[PDB]
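Asks: sequence first, structure after, both from an experimental entry:
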Number of protein chains: 2
Amino acid sequence: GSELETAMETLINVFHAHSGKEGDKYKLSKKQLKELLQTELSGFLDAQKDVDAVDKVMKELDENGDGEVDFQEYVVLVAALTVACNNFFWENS
Amino acid sequence: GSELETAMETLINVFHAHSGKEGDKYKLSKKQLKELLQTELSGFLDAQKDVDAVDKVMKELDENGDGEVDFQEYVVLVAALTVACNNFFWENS
């Protein structure tokens, strides 16, 4: 349909990727969320210019890293650390 | 970097699209969230097989549609109505 519609289709593509092999199928554990982030990313964490935003995403694990995600919680987090590093308005070129 | 990394780069592409012209620049109003959804989508709402999930996303507007989003709240919602219609495990072909 559009670049936006397929945008979400790309997120689930990686989700069901591991959830299919080993996981809760319908959902995924938070333990993997750690590696799953870097394992797939491994670029946004190579900066982390900010700290307040980086603390929030990290604070989540500090609170309770025992549970399971539900896509919505996995897609939202992916955007969390994104802004923490990503420099759009902060810097142009 | 990867299909996942660019995945988020596609979401912001549409965000700054309107926010740039008319909006809060740093953020966007919720009033547009309505049309912004269909205007861009116009496919997931052509089904809405579920109701409980469709009620949540809609309930948000029922509560208070007066405010501004912050990407994280715009990307998470985009995935909300997605699962409401999207039929992955529910149906294969």
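Replies: Good, I have the coordinates. Numbers count the residues shown, from 1 in each chain, chains lettered A, B, ... in the order given.
Asks: C-alpha only now, for contacts and for neighbours.
Replies: Will do.
Asks: show me what contacts the residue most central in space within chain A?
Replies: Per Cα atoms, centre = their mean, the C-alpha nearest to the average position across chain A is that of residue A:78, at 2.5 Å. Residue A:78 sits next to residue A:37 when contact means Cα atoms under 8 Å, 6 or more residues apart in numbering or on different chains.
Asks: quick one, helices of chain A?
Replies: Ranges of helices within chain A are A:3-21, A:30-40, A:52-63, A:72-85, based on DSSP state H.
Asks: could those helices go into CSV alongside distance to residue B:64?
Replies: Shown next, in CSV, are the helices of chain A (distance: least, Cα to Cα, whole Å):
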stretch, distance to residue B:64
helix A:3-21, 26
helix A:30-40, 31
helix A:52-63, 25
helix A:72-85, 21
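Asks: wait, which of the ones you listed is closest to residue B:32?
Replies: Closest approach to residue B:32 among the helices of chain A is made by helix A:3-21 (16.0 Å; Cα to Cα).
Asks: how about the closest one: buried residues?
Replies: Buried residues in helix A:3-21, defined by neighbour count with 16 or more other Cα atoms under 10 Å in any protein chain shown: A:4, A:5, A:7, A:8, A:11, A:12, A:15, A:16.
Asks: how about the single nearest residue of chain A relative to chain B: what's its closest non-neighbour residue?
Replies: Among all residues of chain A, residue A:76 sits closest to chain B, at 5.2 Å; criterion: Cα to the nearest Cα. Leaving aside its sequence neighbours, residue A:76 sits nearest to residue B:76 (Cα to Cα, 6 or more residues apart in numbering or on different chains; 5.2 Å).
Asks: now do the contacts for the one you found.
Replies: Residue B:76 sits next to A:72, A:73, A:75, A:76 when contact means Cα under 8 Å, 6+ apart.
Asks: give me the distance between residue A:79 and residue A:86.
Replies: Residue A:79 is 10 Å from residue A:86, where distance means Cα to Cα, to the nearest Å.
Asks: who in chain A is up against chain B?
Replies: Within chain A, the positions adjacent to chain B are A:1-5, A:7-8, A:10-11, A:14, A:40-41, A:43, A:71-73, A:75-76, A:79-80, A:82 by Cα under 8 Å from any Cα of the partner chain.
Asks: ok, now with 7 Å
Replies: Contact residues (Cα under 7 Å from any Cα of the partner chain) of chain A with chain B: A:4, A:5, A:7, A:8, A:10, A:11, A:41, A:72, A:75, A:76, A:79, A:80.
Asks: circling back to that earlier point, who has more neighbours out of residue A:79 and residue A:86?
Replies: Shown here are residue A:79 and residue A:86; by other Cα atoms under 10 Å in any protein chain shown, residue A:79 has more neighbours (23 against 18).
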